[PDB]
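S.K.: The file below is entry_34.cif, mmCIF, N, CA, C and O atoms:
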```
data_run
loop_
_atom_site.label_atom_id
_atom_site.label_comp_id
_atom_site.auth_asym_id
_atom_site.auth_seq_id
_atom_site.Cartn_x
_atom_site.Cartn_y
_atom_site.Cartn_z
N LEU A 270 4.59 -7.18 -123.07
CA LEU A 270 5.70 -6.27 -122.86
C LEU A 270 6.03 -6.17 -121.38
O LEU A 270 5.14 -6.22 -120.53
N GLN A 271 7.30 -6.03 -121.08
CA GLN A 271 7.75 -5.98 -119.70
C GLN A 271 8.41 -4.64 -119.40
O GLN A 271 8.98 -4.00 -120.29
N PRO A 272 8.35 -4.18 -118.15
CA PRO A 272 9.11 -2.99 -117.76
C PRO A 272 10.60 -3.30 -117.68
O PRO A 272 11.07 -3.95 -116.74
N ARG A 273 11.35 -2.83 -118.67
CA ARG A 273 12.76 -3.15 -118.83
C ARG A 273 13.58 -1.87 -118.75
O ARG A 273 13.08 -0.80 -118.39
N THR A 274 14.87 -1.99 -119.06
CA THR A 274 15.76 -0.85 -119.23
C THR A 274 16.76 -1.24 -120.32
O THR A 274 17.81 -1.81 -120.04
N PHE A 275 16.43 -0.92 -121.56
CA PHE A 275 17.27 -1.31 -122.67
C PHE A 275 18.38 -0.29 -122.89
O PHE A 275 18.37 0.81 -122.32
N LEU A 276 19.34 -0.66 -123.72
CA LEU A 276 20.42 0.23 -124.14
C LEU A 276 20.48 0.18 -125.66
O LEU A 276 20.95 -0.80 -126.23
N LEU A 277 19.99 1.23 -126.29
CA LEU A 277 19.81 1.26 -127.73
C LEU A 277 21.07 1.81 -128.39
O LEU A 277 21.49 2.93 -128.10
N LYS A 278 21.66 1.01 -129.28
CA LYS A 278 22.87 1.41 -129.99
C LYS A 278 22.48 1.90 -131.38
O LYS A 278 22.22 1.10 -132.27
N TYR A 279 22.46 3.22 -131.56
CA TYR A 279 22.19 3.80 -132.86
C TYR A 279 23.41 3.63 -133.76
O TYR A 279 24.42 3.05 -133.37
N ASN A 280 23.31 4.13 -134.99
CA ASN A 280 24.40 3.98 -135.93
C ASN A 280 24.72 5.31 -136.62
O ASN A 280 24.18 6.35 -136.27
N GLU A 281 25.62 5.25 -137.60
CA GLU A 281 25.99 6.46 -138.34
C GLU A 281 24.78 7.04 -139.06
O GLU A 281 24.55 8.26 -139.01
N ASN A 282 24.00 6.20 -139.74
CA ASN A 282 22.85 6.69 -140.47
C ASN A 282 21.77 7.23 -139.54
O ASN A 282 21.19 8.29 -139.82
N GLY A 283 21.48 6.54 -138.44
CA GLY A 283 20.57 7.09 -137.45
C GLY A 283 19.47 6.18 -136.97
O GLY A 283 18.54 6.66 -136.32
N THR A 284 19.54 4.89 -137.26
CA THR A 284 18.52 3.96 -136.78
C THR A 284 19.13 2.97 -135.80
O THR A 284 20.33 2.72 -135.79
N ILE A 285 18.26 2.42 -134.95
CA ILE A 285 18.70 1.48 -133.92
C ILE A 285 19.16 0.20 -134.61
O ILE A 285 18.35 -0.56 -135.14
N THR A 286 20.47 -0.05 -134.60
CA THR A 286 21.01 -1.24 -135.23
C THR A 286 21.02 -2.43 -134.28
O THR A 286 20.45 -3.48 -134.59
N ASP A 287 21.67 -2.29 -133.13
CA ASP A 287 21.72 -3.34 -132.12
C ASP A 287 21.25 -2.79 -130.79
O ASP A 287 21.18 -1.57 -130.57
N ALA A 288 20.92 -3.70 -129.88
CA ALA A 288 20.57 -3.33 -128.52
C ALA A 288 20.89 -4.50 -127.61
O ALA A 288 21.17 -5.60 -128.08
N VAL A 289 20.85 -4.25 -126.30
CA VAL A 289 21.13 -5.26 -125.30
C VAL A 289 20.22 -5.01 -124.10
O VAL A 289 20.02 -3.86 -123.70
N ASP A 290 19.67 -6.08 -123.55
CA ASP A 290 18.80 -5.96 -122.39
C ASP A 290 19.63 -5.54 -121.19
O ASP A 290 20.85 -5.40 -121.27
N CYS A 291 18.98 -5.32 -120.05
CA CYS A 291 19.71 -5.11 -118.81
C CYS A 291 19.24 -6.08 -117.73
O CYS A 291 19.47 -5.83 -116.54
N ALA A 292 18.56 -7.15 -118.12
CA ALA A 292 18.31 -8.27 -117.22
C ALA A 292 18.42 -9.62 -117.92
O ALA A 292 18.16 -10.65 -117.28
N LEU A 293 18.78 -9.66 -119.20
CA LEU A 293 18.79 -10.92 -119.95
C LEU A 293 19.83 -11.88 -119.39
O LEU A 293 19.49 -12.92 -118.81
N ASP A 294 21.11 -11.54 -119.54
CA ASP A 294 22.20 -12.30 -118.93
C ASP A 294 23.02 -11.37 -118.05
O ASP A 294 22.98 -10.15 -118.23
N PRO A 295 23.75 -11.92 -117.08
CA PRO A 295 24.68 -11.07 -116.32
C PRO A 295 25.70 -10.37 -117.20
O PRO A 295 26.14 -9.27 -116.87
N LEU A 296 26.08 -10.97 -118.33
CA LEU A 296 26.96 -10.27 -119.26
C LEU A 296 26.23 -9.11 -119.91
O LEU A 296 26.83 -8.06 -120.20
N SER A 297 24.93 -9.27 -120.16
CA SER A 297 24.16 -8.15 -120.68
C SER A 297 24.04 -7.05 -119.64
O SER A 297 24.09 -5.86 -119.98
N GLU A 298 23.92 -7.41 -118.37
CA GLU A 298 23.95 -6.40 -117.32
C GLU A 298 25.32 -5.74 -117.25
O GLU A 298 25.44 -4.55 -116.94
N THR A 299 26.38 -6.49 -117.55
CA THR A 299 27.72 -5.93 -117.59
C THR A 299 27.83 -4.86 -118.67
O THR A 299 28.32 -3.76 -118.43
N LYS A 300 27.38 -5.19 -119.88
CA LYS A 300 27.36 -4.20 -120.96
C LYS A 300 26.45 -3.03 -120.61
O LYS A 300 26.70 -1.89 -121.03
N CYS A 301 25.38 -3.30 -119.85
CA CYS A 301 24.45 -2.25 -119.46
C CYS A 301 25.08 -1.29 -118.46
O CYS A 301 24.73 -0.11 -118.42
N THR A 302 26.01 -1.78 -117.64
CA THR A 302 26.71 -0.94 -116.69
C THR A 302 27.91 -0.23 -117.30
O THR A 302 28.09 0.97 -117.06
N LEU A 303 28.73 -0.93 -118.08
CA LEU A 303 29.88 -0.36 -118.75
C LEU A 303 29.51 0.62 -119.85
O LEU A 303 30.35 1.43 -120.26
N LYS A 304 28.27 0.56 -120.35
CA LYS A 304 27.75 1.49 -121.36
C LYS A 304 28.46 1.33 -122.70
O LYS A 304 28.77 2.31 -123.37
N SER A 305 28.70 0.08 -123.10
CA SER A 305 29.31 -0.21 -124.39
C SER A 305 29.18 -1.71 -124.64
O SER A 305 28.73 -2.46 -123.78
N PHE A 306 29.60 -2.13 -125.83
CA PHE A 306 29.56 -3.53 -126.22
C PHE A 306 30.94 -4.16 -126.22
O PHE A 306 31.12 -5.28 -126.73
N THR A 307 31.93 -3.47 -125.68
CA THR A 307 33.29 -3.99 -125.55
C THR A 307 33.55 -4.18 -124.06
O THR A 307 33.84 -3.23 -123.34
N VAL A 308 33.44 -5.42 -123.60
CA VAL A 308 33.69 -5.77 -122.21
C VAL A 308 34.98 -6.58 -122.17
O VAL A 308 35.00 -7.77 -122.49
N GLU A 309 36.07 -5.93 -121.77
CA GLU A 309 37.35 -6.60 -121.72
C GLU A 309 37.44 -7.52 -120.51
O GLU A 309 36.57 -7.53 -119.64
N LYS A 310 38.51 -8.30 -120.47
CA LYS A 310 38.73 -9.22 -119.36
C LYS A 310 38.67 -8.49 -118.03
O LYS A 310 38.93 -7.29 -117.95
N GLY A 311 38.31 -9.22 -116.99
CA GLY A 311 38.30 -8.66 -115.64
C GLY A 311 36.97 -8.81 -114.96
O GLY A 311 35.93 -8.99 -115.59
N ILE A 312 36.99 -8.73 -113.63
CA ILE A 312 35.77 -8.84 -112.85
C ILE A 312 35.11 -7.48 -112.74
O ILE A 312 35.74 -6.48 -112.38
N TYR A 313 33.82 -7.43 -113.07
CA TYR A 313 33.04 -6.20 -112.97
C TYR A 313 32.00 -6.36 -111.88
O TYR A 313 31.61 -7.48 -111.55
N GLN A 314 31.56 -5.24 -111.31
CA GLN A 314 30.50 -5.25 -110.31
C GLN A 314 29.33 -4.46 -110.86
O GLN A 314 29.41 -3.24 -111.03
N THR A 315 28.22 -5.15 -111.13
CA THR A 315 27.10 -4.55 -111.84
C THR A 315 25.95 -4.15 -110.92
O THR A 315 25.51 -2.99 -110.96
N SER A 316 25.44 -5.06 -110.10
CA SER A 316 24.30 -4.77 -109.25
C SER A 316 24.41 -5.59 -107.98
O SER A 316 25.47 -6.12 -107.65
N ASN A 317 23.30 -5.69 -107.25
CA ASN A 317 23.24 -6.46 -106.01
C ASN A 317 22.15 -7.52 -106.13
O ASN A 317 21.08 -7.26 -106.69
N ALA B 706 88.12 10.56 -82.32
CA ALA B 706 87.50 9.59 -81.42
C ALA B 706 87.05 8.38 -82.23
O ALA B 706 86.09 8.47 -82.99
N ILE B 707 87.73 7.26 -82.04
CA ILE B 707 87.46 6.03 -82.77
C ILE B 707 86.71 5.08 -81.85
O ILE B 707 87.16 4.87 -80.72
N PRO B 708 85.59 4.51 -82.27
CA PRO B 708 84.91 3.52 -81.43
C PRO B 708 85.80 2.30 -81.21
O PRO B 708 86.63 1.96 -82.05
N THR B 709 85.61 1.65 -80.07
CA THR B 709 86.40 0.46 -79.76
C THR B 709 85.54 -0.78 -79.63
O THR B 709 86.06 -1.90 -79.70
N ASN B 710 84.23 -0.61 -79.46
CA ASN B 710 83.30 -1.72 -79.36
C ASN B 710 81.97 -1.27 -79.91
O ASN B 710 81.63 -0.08 -79.86
N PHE B 711 81.20 -2.21 -80.44
CA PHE B 711 79.96 -1.87 -81.11
C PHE B 711 78.79 -2.56 -80.41
O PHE B 711 78.95 -3.21 -79.38
N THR B 712 77.61 -2.41 -81.00
CA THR B 712 76.43 -3.10 -80.52
C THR B 712 75.42 -3.17 -81.65
O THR B 712 75.16 -2.16 -82.32
N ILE B 713 74.91 -4.35 -81.90
CA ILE B 713 73.88 -4.57 -82.91
C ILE B 713 72.53 -4.37 -82.26
O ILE B 713 72.24 -4.96 -81.21
N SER B 714 71.68 -3.56 -82.87
CA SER B 714 70.46 -3.11 -82.21
C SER B 714 69.29 -3.18 -83.18
O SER B 714 69.11 -2.28 -84.00
N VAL B 715 68.49 -4.24 -83.08
CA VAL B 715 67.29 -4.36 -83.89
C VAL B 715 66.33 -3.24 -83.54
O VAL B 715 66.10 -2.94 -82.36
N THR B 716 65.76 -2.61 -84.56
CA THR B 716 64.78 -1.55 -84.38
C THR B 716 63.62 -1.77 -85.34
O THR B 716 63.78 -1.64 -86.55
N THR B 717 62.45 -2.09 -84.79
CA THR B 717 61.26 -2.26 -85.61
C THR B 717 60.91 -0.96 -86.32
O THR B 717 61.33 0.13 -85.92
N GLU B 718 60.13 -1.08 -87.39
CA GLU B 718 59.71 0.08 -88.16
C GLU B 718 58.46 -0.31 -88.93
O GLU B 718 58.52 -1.13 -89.84
N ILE B 719 57.33 0.29 -88.58
CA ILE B 719 56.03 -0.12 -89.07
C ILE B 719 55.61 0.80 -90.21
O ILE B 719 55.88 2.00 -90.18
N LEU B 720 54.94 0.23 -91.21
CA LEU B 720 54.51 0.96 -92.39
C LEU B 720 53.18 0.40 -92.85
O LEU B 720 53.04 -0.83 -92.98
N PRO B 721 52.18 1.23 -93.11
CA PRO B 721 50.94 0.73 -93.70
C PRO B 721 51.12 0.49 -95.18
O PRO B 721 51.89 1.17 -95.86
N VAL B 722 50.41 -0.51 -95.68
CA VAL B 722 50.60 -0.94 -97.06
C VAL B 722 49.28 -0.89 -97.81
O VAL B 722 49.25 -0.68 -99.02
N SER B 723 48.18 -1.05 -97.09
CA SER B 723 46.89 -1.07 -97.76
C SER B 723 45.78 -0.85 -96.75
O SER B 723 45.91 -1.22 -95.58
N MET B 724 44.70 -0.25 -97.21
CA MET B 724 43.51 -0.08 -96.40
C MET B 724 42.46 -1.09 -96.83
O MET B 724 42.68 -1.91 -97.73
N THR B 725 41.30 -1.05 -96.18
CA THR B 725 40.25 -2.02 -96.46
C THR B 725 39.57 -1.69 -97.78
O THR B 725 39.08 -0.57 -97.98
N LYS B 726 39.51 -2.67 -98.68
CA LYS B 726 38.91 -2.46 -99.99
C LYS B 726 37.40 -2.37 -99.83
O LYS B 726 36.67 -3.33 -100.06
N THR B 727 36.93 -1.19 -99.43
CA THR B 727 35.51 -0.97 -99.29
C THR B 727 34.84 -0.87 -100.65
O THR B 727 35.50 -0.88 -101.69
N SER B 728 33.52 -0.76 -100.64
CA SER B 728 32.73 -0.57 -101.84
C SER B 728 31.33 -0.17 -101.45
O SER B 728 30.74 -0.76 -100.55
N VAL B 729 30.78 0.83 -102.13
CA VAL B 729 29.50 1.41 -101.78
C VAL B 729 28.60 1.37 -103.00
O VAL B 729 29.03 1.67 -104.12
N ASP B 730 27.35 0.97 -102.79
CA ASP B 730 26.36 0.94 -103.85
C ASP B 730 25.34 2.05 -103.61
O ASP B 730 24.81 2.17 -102.50
N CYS B 731 25.09 2.86 -104.64
CA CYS B 731 24.12 3.94 -104.49
C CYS B 731 22.76 3.42 -104.09
O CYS B 731 22.32 3.61 -102.95
N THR B 732 22.11 2.70 -105.00
CA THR B 732 20.67 2.47 -104.90
C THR B 732 20.30 1.84 -103.57
O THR B 732 19.18 2.01 -103.08
N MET B 733 21.23 1.09 -102.96
CA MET B 733 20.95 0.52 -101.65
C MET B 733 21.19 1.53 -100.55
O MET B 733 20.53 1.49 -99.50
N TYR B 734 22.13 2.45 -100.75
CA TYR B 734 22.41 3.46 -99.74
C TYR B 734 21.49 4.66 -99.89
O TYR B 734 20.75 5.01 -98.96
N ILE B 735 21.52 5.29 -101.06
CA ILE B 735 20.73 6.50 -101.29
C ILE B 735 19.25 6.21 -101.16
O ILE B 735 18.48 7.03 -100.63
N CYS B 736 18.81 5.05 -101.63
CA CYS B 736 17.41 4.65 -101.60
C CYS B 736 17.23 3.47 -100.66
O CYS B 736 17.99 2.50 -100.71
N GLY B 737 16.21 3.55 -99.80
CA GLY B 737 15.91 2.45 -98.92
C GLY B 737 15.17 1.32 -99.61
O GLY B 737 14.12 0.88 -99.13
N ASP B 738 15.71 0.86 -100.74
CA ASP B 738 15.12 -0.24 -101.51
C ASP B 738 13.75 0.13 -102.06
O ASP B 738 12.92 -0.73 -102.37
N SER B 739 13.49 1.43 -102.18
CA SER B 739 12.25 1.94 -102.74
C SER B 739 12.44 2.17 -104.23
O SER B 739 13.58 2.25 -104.71
N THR B 740 11.33 2.26 -104.96
CA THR B 740 11.42 2.37 -106.41
C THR B 740 11.34 3.82 -106.87
O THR B 740 12.05 4.23 -107.78
N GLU B 741 10.47 4.61 -106.23
CA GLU B 741 10.36 6.03 -106.58
C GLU B 741 11.68 6.75 -106.37
O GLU B 741 12.11 7.56 -107.21
N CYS B 742 12.36 6.45 -105.27
CA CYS B 742 13.71 6.97 -105.08
C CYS B 742 14.62 6.53 -106.20
O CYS B 742 15.52 7.28 -106.61
N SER B 743 14.42 5.32 -106.72
CA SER B 743 15.26 4.86 -107.83
C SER B 743 14.97 5.65 -109.09
O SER B 743 15.89 5.96 -109.86
N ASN B 744 13.70 6.00 -109.33
CA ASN B 744 13.38 6.87 -110.45
C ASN B 744 14.08 8.21 -110.33
O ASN B 744 14.70 8.69 -111.28
N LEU B 745 14.02 8.82 -109.15
CA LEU B 745 14.66 10.12 -108.98
C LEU B 745 16.18 10.03 -109.14
O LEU B 745 16.79 10.84 -109.84
N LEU B 746 16.79 9.04 -108.49
CA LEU B 746 18.24 8.89 -108.59
C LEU B 746 18.67 8.58 -110.02
O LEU B 746 19.77 8.96 -110.42
N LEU B 747 17.82 7.91 -110.80
CA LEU B 747 18.12 7.77 -112.22
C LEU B 747 17.94 9.09 -112.96
O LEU B 747 18.59 9.32 -113.98
N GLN B 748 17.07 9.96 -112.45
CA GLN B 748 16.91 11.28 -113.07
C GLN B 748 18.12 12.17 -112.81
O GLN B 748 18.41 13.05 -113.62
N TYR B 749 18.83 11.97 -111.70
CA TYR B 749 19.97 12.83 -111.42
C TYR B 749 21.10 12.61 -112.42
O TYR B 749 21.62 13.56 -113.01
N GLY B 750 21.51 11.36 -112.62
CA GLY B 750 22.45 11.12 -113.69
C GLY B 750 23.46 10.01 -113.49
O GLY B 750 23.13 8.91 -113.03
N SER B 751 24.72 10.29 -113.84
CA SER B 751 25.79 9.31 -113.84
C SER B 751 26.72 9.49 -112.65
O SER B 751 27.94 9.34 -112.77
N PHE B 752 26.16 9.85 -111.51
CA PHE B 752 26.98 9.96 -110.31
C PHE B 752 27.37 8.59 -109.79
O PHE B 752 28.46 8.41 -109.24
N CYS B 753 26.50 7.60 -109.97
CA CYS B 753 26.76 6.29 -109.40
C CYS B 753 27.83 5.54 -110.17
O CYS B 753 28.66 4.85 -109.58
#
```
Could you write out this file's structure as structure tokens?
M.R.:
Amino acid sequence: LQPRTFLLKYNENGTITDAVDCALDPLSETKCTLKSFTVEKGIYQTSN
Amino acid sequence: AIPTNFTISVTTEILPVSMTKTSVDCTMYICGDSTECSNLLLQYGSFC
């Protein structure tokens, strides 16, 4: 196990359905910064 | 009083249009690249 920072997406019923890492891909870091799974077109600034 | 002769007179006129597109990152500014400061700044919230 690694020290991570996940983003857990619960559902209507109440269990963790999907999740996304915050170091897996830069797009995953993008979703981790935008705080959602809908990343529209455009340049985002996530980290350094 | 009717004018009898004219004069064309160029007059400059300066206008600002844009400033420098700055950008500031919390964790590098608020924290001197330390980790404990990063824990605390994550405890504060969604200011960044």
S.K.: What is the distance between CA of residue 728 in chain B and atom N of residue 312 in chain A, in Å to one decimal?
M.R.: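 Taking CA of residue 728 in chain B as the start and atom N of residue 312 in chain A as the end point, the length is 15.0 Å.
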S.K.: Find the distance between CA of residue 290 in chain A and atom N of residue 277 in chain A and write it in Å to one decimal.
M.R.: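 Pair CA of residue 290 in chain A / atom N of residue 277 in chain A returns 8.3 Å.
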S.K.: Which one of A:297, A:274, A:307, A:280 sits closest to chain B if you count only C-alpha atoms?
M.R.: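 Smallest separation from chain B among the options: A:274.
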S.K.: Can you list, as a list in words, every residue of chain B that DSSP puts in helix (DSSP H, G or I)?
M.R.: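 Result set for chain B (helix (DSSP H, G or I)): residues 731, 732, 733, 734, 741, 742, 743, 744, 745, 746, 747, 748 and 749 of chain B.
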S.K.: Would you pick out the contacts of residue 303 in chain A at 8 Å or less, using only N, CA, C and O atoms, so that residues sharing its chain but fewer than 6 positions from it are not included, and give the list as a PyMOL selection string?
M.R.: chain A and resi 296-297+314-315
S.K.: Take the selection from the previous step and output its residues with N, CA, C and O atoms, as a compact mmCIF listing (two decimals), keeping the file's coordinate frame.
M.R.:
```txt
# COMPACT_ATOMS: atom_id res chain seq x y z
N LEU A 296 26.08 -10.97 -118.33
CA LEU A 296 26.96 -10.27 -119.26
C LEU A 296 26.23 -9.11 -119.91
O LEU A 296 26.83 -8.06 -120.20
N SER A 297 24.93 -9.27 -120.16
CA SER A 297 24.16 -8.15 -120.68
C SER A 297 24.04 -7.05 -119.64
O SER A 297 24.09 -5.86 -119.98
N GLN A 314 31.56 -5.24 -111.31
CA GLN A 314 30.50 -5.25 -110.31
C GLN A 314 29.33 -4.46 -110.86
O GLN A 314 29.41 -3.24 -111.03
N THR A 315 28.22 -5.15 -111.13
CA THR A 315 27.10 -4.55 -111.84
C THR A 315 25.95 -4.15 -110.92
O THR A 315 25.51 -2.99 -110.96
```
S.K.: Which distance in Å separates atom O of residue 308 in chain A and atom O of residue 294 in chain A, to one decimal?
M.R.: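 A separation of 13.0 Å between them.
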S.K.: If the PyMOL selection byres ((chain B and name CA) within 12 of (chain A and name CA)) were run on this exact file, what residues would it hold? Put them as a ChimeraX atom specification.
M.R.: /B:728-734,738,744,747,751,753
S.K.: Which of chain A counts as strand (DSSP E) under DSSP, as a VMD selection string please?
M.R.: chain A and resid 276 to 278 287 to 289
S.K.: Put the listed atoms of range 272-286 of chain A in a box along x, y and z with 4 Å added on every side and give me the centre and edge lengths in Å to one decimal, as JSON.
M.R.:
```
{"center_x": 17.2, "center_y": 2.1, "center_z": -128.6, "size_x": 25.6, "size_y": 20.5, "size_z": 31.7}
```
S.K.: The PyMOL selection byres (((chain A and resi 273 and name CA) around 9) and name CA) - which residues does that actually catch in the file I just gave you? List them as a VMD selection string.
M.R.: chain A and resid 270 to 272 274 to 275 290 to 292
S.K.: Could you turn the residues from that selection into a file that holds N, CA, C and O atoms, as a PDB file, in the frame of the given file?
M.R.:
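Saved result, again-v9.pdb, follows:
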```pdb
ATOM      1  N   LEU A 270       4.590  -7.180-123.070  1.00  0.00           N
ATOM      2  CA  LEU A 270       5.700  -6.270-122.860  1.00  0.00           C
ATOM      3  C   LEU A 270       6.030  -6.170-121.380  1.00  0.00           C
ATOM      4  O   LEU A 270       5.140  -6.220-120.530  1.00  0.00           O
ATOM      5  N   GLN A 271       7.300  -6.030-121.080  1.00  0.00           N
ATOM      6  CA  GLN A 271       7.750  -5.980-119.700  1.00  0.00           C
ATOM      7  C   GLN A 271       8.410  -4.640-119.400  1.00  0.00           C
ATOM      8  O   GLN A 271       8.980  -4.000-120.290  1.00  0.00           O
ATOM      9  N   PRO A 272       8.350  -4.180-118.150  1.00  0.00           N
ATOM     10  CA  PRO A 272       9.110  -2.990-117.760  1.00  0.00           C
ATOM     11  C   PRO A 272      10.600  -3.300-117.680  1.00  0.00           C
ATOM     12  O   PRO A 272      11.070  -3.950-116.740  1.00  0.00           O
ATOM     13  N   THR A 274      14.870  -1.990-119.060  1.00  0.00           N
ATOM     14  CA  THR A 274      15.760  -0.850-119.230  1.00  0.00           C
ATOM     15  C   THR A 274      16.760  -1.240-120.320  1.00  0.00           C
ATOM     16  O   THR A 274      17.810  -1.810-120.040  1.00  0.00           O
ATOM     17  N   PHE A 275      16.430  -0.920-121.560  1.00  0.00           N
ATOM     18  CA  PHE A 275      17.270  -1.310-122.670  1.00  0.00           C
ATOM     19  C   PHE A 275      18.380  -0.290-122.890  1.00  0.00           C
ATOM     20  O   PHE A 275      18.370   0.810-122.320  1.00  0.00           O
ATOM     21  N   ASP A 290      19.670  -6.080-123.550  1.00  0.00           N
ATOM     22  CA  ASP A 290      18.800  -5.960-122.390  1.00  0.00           C
ATOM     23  C   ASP A 290      19.630  -5.540-121.190  1.00  0.00           C
ATOM     24  O   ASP A 290      20.850  -5.400-121.270  1.00  0.00           O
ATOM     25  N   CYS A 291      18.980  -5.320-120.050  1.00  0.00           N
ATOM     26  CA  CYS A 291      19.710  -5.110-118.810  1.00  0.00           C
ATOM     27  C   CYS A 291      19.240  -6.080-117.730  1.00  0.00           C
ATOM     28  O   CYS A 291      19.470  -5.830-116.540  1.00  0.00           O
ATOM     29  N   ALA A 292      18.560  -7.150-118.120  1.00  0.00           N
ATOM     30  CA  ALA A 292      18.310  -8.270-117.220  1.00  0.00           C
ATOM     31  C   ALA A 292      18.420  -9.620-117.920  1.00  0.00           C
ATOM     32  O   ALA A 292      18.160 -10.650-117.280  1.00  0.00           O
TER      33      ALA A 292
END
```
